[PDB]
């Protein structure tokens, strides 16, 4: 399976080992569970944006970063890392960003990237598991 930059094959590959037989009896429910979880998190983020709660956004980013990391979903993990950082009021270089308005705008961009990358991956994973 050639998922491009979306998936770390060395990590995802280890998920696939847990399948007994060729029906993907373990990996497929797991991946499904991740997309549901992601979808829930994105909704809770979309609300957190609406209420301009930067700490919440930071934590949701960190949470979803961790679960995408576990499965090797690199592009999603990265965008969630940015949400974590911008939620703590920091730029990519580590310098502080004191303008909340700027932070929120950067989070919005990274949330859009995350959602789009999730959808892209969901499709490929659907092709893969059929």
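Residue numbers count along the first chain shown, from 1.
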item: Between the two ranges 44-52 and 59-67, the one averaging a larger CA B factor in the entry; value: 44-52
item: Greater mean Cα temperature factor according to the PDB record, 6-14 or 110-118; value: 6-14
item: Entry-reported Cα temperature factor of residue 78, expressed as the chain third it lands in; value: lowest
item: For residue 102, the third of its chain into which the C-alpha B factor falls; value: middle
item: For residue 96, the third of its chain into which the C-alpha B factor falls; value: highest
